[PDB]
Structures are given as structure tokens and as C-alpha cells.
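Okay, structure first, notes after.
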Amino acid sequence: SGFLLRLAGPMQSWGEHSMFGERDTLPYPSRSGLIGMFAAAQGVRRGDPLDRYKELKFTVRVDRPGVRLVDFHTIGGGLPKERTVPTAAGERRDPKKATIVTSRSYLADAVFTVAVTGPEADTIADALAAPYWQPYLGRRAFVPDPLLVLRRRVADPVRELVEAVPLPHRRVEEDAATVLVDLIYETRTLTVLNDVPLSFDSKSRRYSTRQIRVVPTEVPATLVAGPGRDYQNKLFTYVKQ
RNA sequence: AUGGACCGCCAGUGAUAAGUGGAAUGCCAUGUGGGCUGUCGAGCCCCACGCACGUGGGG
């Protein structure tokens with residue numbers, strides 16, 4: 001069982017621990033987000049039991065860490081006072097203060113290839129191919145790369161993360177081999193953060209911590225693609241086989 | 001349906017005024033393009049004539 005999910009695209013955000021106007025992303029995908037991505041693909045209404053998703057495992061290798069950028073993002077500004085965001089008391093604030101100013105962060109030009117291994121993950125892959133709601137990378141405005149699922153069915157996909165999945169253009173030294181790539185596994189634990197989603201109900205979303213261990217591993221330098229456009233070519237060669 | 005869903009950074013604005021690149025200056029001195037030379041028998045068809053050697057008409 002298992003399939004390869006490729007998270008790529010111009011921008012993707014995987015925030016955790018932010019609860020005000022400023023938003024912040026983890027430099028790598030968060031299990032909560034990917035689980036919600038599958039739940040959205042399967043029609044799981046907000047508030048439905050998320051234990052079906054329990055028992056999955058997410059090893060994620062970071063091809064390009066990507067640049068982290070902060071996207072300004074106002075809400076309601078430049079509108080007449082009557083048509084701005086409501087207050088909790090119900091009376092709209094004065095128009096010179098009715099604007100909301102959020103500073104949301106997002107990863108741009110970053111690409112990870114998570115190898116999801118679970119009990120029903122093959123039905124989940126078959127659900128991403130025909131989604132109930134549009135899958136997106138973190139914020140809904142970010143739209144996933146068309147090669148969202150590199151392979152629908154793979155026996156031992158981590159074995160395919162160690163090798164035989166192409167890689168972006170990187171420095172390849174003379175007489176070099178085995179270019180270093182950071183794999184992320186789920187003592188030797190990088191960080192602890194609230195990921196595993198106890199409930200997605202918008203009224204009270206709650207989570208619990210998951211330790212992450214990031215192990216730099218060594219994959220053959222043959223894997224990295226040539227400088228220009230070759231990455232797309234090798235990747236497409238990869239999807240048909 | 002993902003610390004997410006819904007979500008504008010935005011309303012305004014001459015870069016202006018002034019200005020010779022200017023004065024002087026031979027690319028000069030030398031060189032065969034030469035020897036040779038009369039312009040004097042397939043061709044595909046139709047038709048007419050023929051002394052079946054050959055003539056002519058048309059395409």
C-alpha cells in the first residue's frame with residue numbers, strides 16, 4: 001500500500017500555531033493540512049470523525065526548501081462604512097478603522113514529495129484523482145501542481161523516495177555522486193508541534209503534538225535533473241512509468 | 001474542505017530651468033596581361049506525292 005503525493009506549485013502555506021492577523025507557515029508540510037486535504041478530497045464535512053485518517057505515515061523529502069515570503073492581505077478596506085466587516089457587537093467600525101490587516105506567510109518555489117503509507121491510502125489516492133472539493137496547498141488560493149499524485153499505487157514508496165524519483169537542478173560536483181537530500185520522518189526528534197487533527201470543526205478545531213525527525217540522507221546524484229526544463233521532462237517520463 | 005474557509009493597501013502628484021566640442025593637416029613614390037586559334041546525318045504522329053531513292057504539307 002501507499003502512494004506518492006507531490007506538493008508543488010508556485011506557493012503553498014502550511015501554517016501551525018497562529019491565531020491572529022499574522023499567519024506563519026512551517027517550512028515543511030504539516031500532517032493536519034495533508035489530512036484535511038484528503039478529507040476535502042473525500043467529502044469529509046467539517047466536524048466529521050477524523051480517525052479514518054489516523055494510522056497514516058508521512059515521510060517527506062524536501063527537494064527545494066523554497067523561499068518563505070510574507071503576503072500582505074487586507075480585508076474590507078476601501079468600502080463604505082455600512083459594507084465593511086461586521087463587529088461582534090454587530091455595529092460596523094468607523095471606515096478609517098474598518099480595514100483588517102493580515103500578514104500571511106507562504107512558501108514559494110518549494111517542492112516536497114511526501115510518501116504517504118497507510119491502510120486505505122490507495123482509496124485516498126483514488127479520491128484525489130476525482131475530488132469532492134478542490135485540493136489546495138494550505139491556503140485555498142494556492143492551487144496544486146497538476147502532478148499531485150506521482151504514482152497512485154506503490155509498494156513501499158519510501159524506497160522510491162530514496163531513489164528513482166527525479167530531482168530539481170542542484171550543484172553536481174565533478175566525480176560526485178549521492179547528492180544530499182533531507183527526508184522527514186514521523187531522542188532524535190527535530191521538533192514537536194500540534195498536527196494530528198482531533199477535529200476539523202470550525203467551532204473548535206483541536207490538535208495534538210507529533211515529533212518530527214529530519215534525517216539528511218544521501219541519494220544518487222544521477223537523480224537530479226539537468227539545468228533547464230529537464231526537471232519537467234524527467235518528471236513526466238516518471239509519471240508514465 | 002488543510003491555524004484553515006470568506007478576504008483589494010488605497011485614494012493624490014511637471015523633474016524642473018540654462019549650454020560651440022573647438023582650433024591644424026598631400027597617402028605619397030614605382031609598373032606589358034602577356035604569348036596560341038577556319039564555326040564548317042533517329043526525330044514521335046497524321047495527310048498528300050513518289051521513279052519507295054526519296055519531296056512536301058501540317059501538328
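In the C-alpha cells, each chain is lettered A, B, ... as it comes, each chain's residues begin at 1, and ligands are numbered from 1 in order of appearance.
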
Closest atom pairs, chain B residues within 10 Å of chain A, only C-alpha atoms (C1' of nucleotides), as CSV:
```
residue,atom,partner,partner_atom,distance
B:1,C1',A:40,CA,4.2
B:2,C1',A:33,CA,3.7
B:3,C1',A:16,CA,4.9
B:4,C1',A:139,CA,7.0
B:5,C1',A:140,CA,8.0
B:6,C1',A:75,CA,9.7
B:7,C1',A:75,CA,5.1
B:8,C1',A:74,CA,7.0
B:9,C1',A:74,CA,6.9
B:10,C1',A:78,CA,6.8
B:11,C1',A:78,CA,8.7
```

Could you take the residues named above and write them with N, CA and C atoms (P, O5', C5', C4', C3', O3' and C1' of nucleotides), as a PDB file, in the first residue's frame?
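Final output, saved to again-v1.pdb:
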```pdb
ATOM      1  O5'   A B   1     -13.389  19.608   6.163  1.00  0.00           O
ATOM      2  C5'   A B   1     -12.154  19.125   5.604  1.00  0.00           C
ATOM      3  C4'   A B   1     -11.651  20.077   4.545  1.00  0.00           C
ATOM      4  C3'   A B   1     -11.715  21.558   4.910  1.00  0.00           C
ATOM      5  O3'   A B   1     -10.478  21.990   5.467  1.00  0.00           O
ATOM      6  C1'   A B   1     -12.876  21.198   2.886  1.00  0.00           C
ATOM      7  P     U B   2     -10.440  23.258   6.442  1.00  0.00           P
ATOM      8  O5'   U B   2      -8.984  23.196   7.068  1.00  0.00           O
ATOM      9  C5'   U B   2      -8.472  21.981   7.585  1.00  0.00           C
ATOM     10  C4'   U B   2      -6.998  21.835   7.324  1.00  0.00           C
ATOM     11  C3'   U B   2      -6.203  23.126   7.268  1.00  0.00           C
ATOM     12  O3'   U B   2      -4.911  22.927   7.829  1.00  0.00           O
ATOM     13  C1'   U B   2      -5.951  21.956   5.246  1.00  0.00           C
ATOM     14  P     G B   3      -4.680  23.056   9.405  1.00  0.00           P
ATOM     15  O5'   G B   3      -4.906  24.596   9.668  1.00  0.00           O
ATOM     16  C5'   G B   3      -3.839  25.516   9.544  1.00  0.00           C
ATOM     17  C4'   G B   3      -4.283  26.889   9.954  1.00  0.00           C
ATOM     18  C3'   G B   3      -3.203  27.953   9.933  1.00  0.00           C
ATOM     19  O3'   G B   3      -3.770  29.211   9.597  1.00  0.00           O
ATOM     20  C1'   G B   3      -4.056  27.747  12.112  1.00  0.00           C
ATOM     21  P     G B   4      -3.698  29.729   8.086  1.00  0.00           P
ATOM     22  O5'   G B   4      -4.286  28.533   7.235  1.00  0.00           O
ATOM     23  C5'   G B   4      -5.229  28.818   6.228  1.00  0.00           C
ATOM     24  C4'   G B   4      -6.289  27.764   6.134  1.00  0.00           C
ATOM     25  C3'   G B   4      -7.628  28.287   5.671  1.00  0.00           C
ATOM     26  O3'   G B   4      -7.685  28.445   4.276  1.00  0.00           O
ATOM     27  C1'   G B   4      -7.931  26.952   7.563  1.00  0.00           C
ATOM     28  P     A B   5      -8.032  29.873   3.673  1.00  0.00           P
ATOM     29  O5'   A B   5      -9.528  29.712   3.193  1.00  0.00           O
ATOM     30  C5'   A B   5     -10.019  28.450   2.792  1.00  0.00           C
ATOM     31  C4'   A B   5     -11.500  28.368   2.980  1.00  0.00           C
ATOM     32  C3'   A B   5     -12.231  29.662   2.717  1.00  0.00           C
ATOM     33  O3'   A B   5     -12.494  29.762   1.325  1.00  0.00           O
ATOM     34  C1'   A B   5     -12.994  28.677   4.739  1.00  0.00           C
ATOM     35  P     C B   6     -12.076  31.067   0.512  1.00  0.00           P
ATOM     36  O5'   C B   6     -13.053  32.137   1.127  1.00  0.00           O
ATOM     37  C5'   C B   6     -14.457  31.955   1.024  1.00  0.00           C
ATOM     38  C4'   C B   6     -15.171  33.229   1.376  1.00  0.00           C
ATOM     39  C3'   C B   6     -14.401  34.487   1.027  1.00  0.00           C
ATOM     40  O3'   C B   6     -15.227  35.492   0.495  1.00  0.00           O
ATOM     41  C1'   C B   6     -14.896  34.454   3.350  1.00  0.00           C
ATOM     42  P     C B   7     -14.632  36.411  -0.669  1.00  0.00           P
ATOM     43  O5'   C B   7     -13.148  36.768  -0.245  1.00  0.00           O
ATOM     44  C5'   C B   7     -12.637  38.068  -0.515  1.00  0.00           C
ATOM     45  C4'   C B   7     -12.315  38.897   0.701  1.00  0.00           C
ATOM     46  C3'   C B   7     -11.049  39.717   0.507  1.00  0.00           C
ATOM     47  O3'   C B   7     -11.151  40.977   1.159  1.00  0.00           O
ATOM     48  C1'   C B   7     -10.708  38.098   2.216  1.00  0.00           C
ATOM     49  P     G B   8     -11.399  42.253   0.216  1.00  0.00           P
ATOM     50  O5'   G B   8     -10.210  43.233   0.590  1.00  0.00           O
ATOM     51  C5'   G B   8      -8.853  42.796   0.443  1.00  0.00           C
ATOM     52  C4'   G B   8      -8.352  43.066  -0.954  1.00  0.00           C
ATOM     53  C3'   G B   8      -6.964  43.671  -1.021  1.00  0.00           C
ATOM     54  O3'   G B   8      -6.006  42.629  -0.956  1.00  0.00           O
ATOM     55  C1'   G B   8      -8.436  44.703  -2.596  1.00  0.00           C
ATOM     56  P     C B   9      -4.560  42.868  -1.514  1.00  0.00           P
ATOM     57  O5'   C B   9      -4.411  44.450  -1.464  1.00  0.00           O
ATOM     58  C5'   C B   9      -3.905  45.157  -0.320  1.00  0.00           C
ATOM     59  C4'   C B   9      -4.163  46.630  -0.511  1.00  0.00           C
ATOM     60  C3'   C B   9      -3.230  47.337  -1.491  1.00  0.00           C
ATOM     61  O3'   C B   9      -3.947  48.343  -2.194  1.00  0.00           O
ATOM     62  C1'   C B   9      -3.254  48.503   0.516  1.00  0.00           C
ATOM     63  P     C B  10      -4.466  48.062  -3.659  1.00  0.00           P
ATOM     64  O5'   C B  10      -5.716  49.016  -3.838  1.00  0.00           O
ATOM     65  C5'   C B  10      -6.409  49.492  -2.691  1.00  0.00           C
ATOM     66  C4'   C B  10      -6.696  50.969  -2.739  1.00  0.00           C
ATOM     67  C3'   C B  10      -5.759  51.781  -3.608  1.00  0.00           C
ATOM     68  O3'   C B  10      -6.449  52.871  -4.200  1.00  0.00           O
ATOM     69  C1'   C B  10      -5.655  52.561  -1.384  1.00  0.00           C
ATOM     70  P     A B  11      -5.869  53.514  -5.544  1.00  0.00           P
ATOM     71  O5'   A B  11      -6.218  55.049  -5.420  1.00  0.00           O
ATOM     72  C5'   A B  11      -7.522  55.509  -5.697  1.00  0.00           C
ATOM     73  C4'   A B  11      -7.839  56.687  -4.827  1.00  0.00           C
ATOM     74  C3'   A B  11      -6.913  57.880  -4.947  1.00  0.00           C
ATOM     75  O3'   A B  11      -7.228  58.659  -6.093  1.00  0.00           O
ATOM     76  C1'   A B  11      -7.443  57.446  -2.678  1.00  0.00           C
TER      77        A B  11
END
```

Considering only strand (DSSP E) as DSSP defines it on the backbone, what residues of stretch 16-90 of chain A qualify? List them as a PDB file with N, CA and C atoms, in the first residue's frame.
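Dumped everything to selection25.pdb:
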```pdb
ATOM      1  N   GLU A  22      -1.593  37.910  11.988  1.00  0.00           N
ATOM      2  CA  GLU A  22      -0.394  37.441  11.322  1.00  0.00           C
ATOM      3  C   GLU A  22      -0.418  35.927  11.261  1.00  0.00           C
ATOM      4  N   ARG A  23      -0.142  35.383  10.085  1.00  0.00           N
ATOM      5  CA  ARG A  23      -0.082  33.944   9.920  1.00  0.00           C
ATOM      6  C   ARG A  23       1.350  33.517   9.621  1.00  0.00           C
ATOM      7  N   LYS A  57       1.116   7.473   7.590  1.00  0.00           N
ATOM      8  CA  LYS A  57       2.501   7.845   7.862  1.00  0.00           C
ATOM      9  C   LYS A  57       3.029   8.678   6.710  1.00  0.00           C
ATOM     10  N   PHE A  58       3.672   9.791   7.049  1.00  0.00           N
ATOM     11  CA  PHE A  58       4.090  10.818   6.105  1.00  0.00           C
ATOM     12  C   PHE A  58       5.589  11.079   6.212  1.00  0.00           C
ATOM     13  N   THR A  59       6.365  10.343   5.433  1.00  0.00           N
ATOM     14  CA  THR A  59       7.770  10.640   5.180  1.00  0.00           C
ATOM     15  C   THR A  59       7.867  11.629   4.025  1.00  0.00           C
ATOM     16  N   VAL A  60       8.498  12.777   4.249  1.00  0.00           N
ATOM     17  CA  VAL A  60       8.518  13.860   3.270  1.00  0.00           C
ATOM     18  C   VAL A  60       9.952  14.287   3.018  1.00  0.00           C
ATOM     19  N   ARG A  61      10.423  14.110   1.789  1.00  0.00           N
ATOM     20  CA  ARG A  61      11.729  14.618   1.384  1.00  0.00           C
ATOM     21  C   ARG A  61      11.598  15.987   0.732  1.00  0.00           C
ATOM     22  N   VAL A  62      12.441  16.925   1.168  1.00  0.00           N
ATOM     23  CA  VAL A  62      12.410  18.310   0.696  1.00  0.00           C
ATOM     24  C   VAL A  62      13.302  18.485  -0.533  1.00  0.00           C
ATOM     25  N   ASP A  63      12.709  18.608  -1.721  1.00  0.00           N
ATOM     26  CA  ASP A  63      13.663  18.896  -2.784  1.00  0.00           C
ATOM     27  C   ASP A  63      14.209  20.313  -2.621  1.00  0.00           C
ATOM     28  N   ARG A  64      13.375  21.306  -2.875  1.00  0.00           N
ATOM     29  CA  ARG A  64      13.811  22.666  -2.684  1.00  0.00           C
ATOM     30  C   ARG A  64      13.131  23.239  -1.459  1.00  0.00           C
ATOM     31  N   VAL A  67      11.612  29.637  -0.935  1.00  0.00           N
ATOM     32  CA  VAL A  67      11.740  30.903  -0.249  1.00  0.00           C
ATOM     33  C   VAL A  67      10.450  31.161   0.507  1.00  0.00           C
ATOM     34  N   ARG A  68      10.555  31.690   1.720  1.00  0.00           N
ATOM     35  CA  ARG A  68       9.376  31.979   2.512  1.00  0.00           C
ATOM     36  C   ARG A  68       9.102  33.443   2.331  1.00  0.00           C
ATOM     37  N   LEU A  69       7.887  33.782   1.942  1.00  0.00           N
ATOM     38  CA  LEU A  69       7.547  35.170   1.713  1.00  0.00           C
ATOM     39  C   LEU A  69       6.296  35.541   2.465  1.00  0.00           C
ATOM     40  N   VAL A  70       6.212  36.799   2.881  1.00  0.00           N
ATOM     41  CA  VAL A  70       5.070  37.299   3.631  1.00  0.00           C
ATOM     42  C   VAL A  70       4.167  38.143   2.734  1.00  0.00           C
ATOM     43  N   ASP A  71       2.979  37.628   2.452  1.00  0.00           N
ATOM     44  CA  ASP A  71       1.962  38.262   1.614  1.00  0.00           C
ATOM     45  C   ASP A  71       1.042  39.143   2.443  1.00  0.00           C
ATOM     46  N   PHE A  72       1.078  40.439   2.180  1.00  0.00           N
ATOM     47  CA  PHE A  72       0.210  41.363   2.866  1.00  0.00           C
ATOM     48  C   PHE A  72      -1.137  40.784   2.535  1.00  0.00           C
ATOM     49  N   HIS A  73      -2.185  41.190   3.224  1.00  0.00           N
ATOM     50  CA  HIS A  73      -3.522  40.699   2.887  1.00  0.00           C
ATOM     51  C   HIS A  73      -4.544  41.433   3.755  1.00  0.00           C
ATOM     52  N   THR A  74      -5.076  42.534   3.237  1.00  0.00           N
ATOM     53  CA  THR A  74      -6.138  43.280   3.895  1.00  0.00           C
ATOM     54  C   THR A  74      -7.505  42.702   3.585  1.00  0.00           C
ATOM     55  N   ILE A  75      -8.489  43.145   4.365  1.00  0.00           N
ATOM     56  CA  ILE A  75      -9.852  42.632   4.282  1.00  0.00           C
ATOM     57  C   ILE A  75     -10.848  43.754   4.546  1.00  0.00           C
TER      58      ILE A  75
END
```

Separation of atom CA of residue A:222 from atom CA of residue A:182, in Å and rounded to one decimal: 16.6 Å

Point-to-point distance in Å for atom CA of residue A:47 and atom CA of residue A:88: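 Atom-to-atom, atom CA of residue A:88 to atom CA of residue A:47, that is 23.5 Å.
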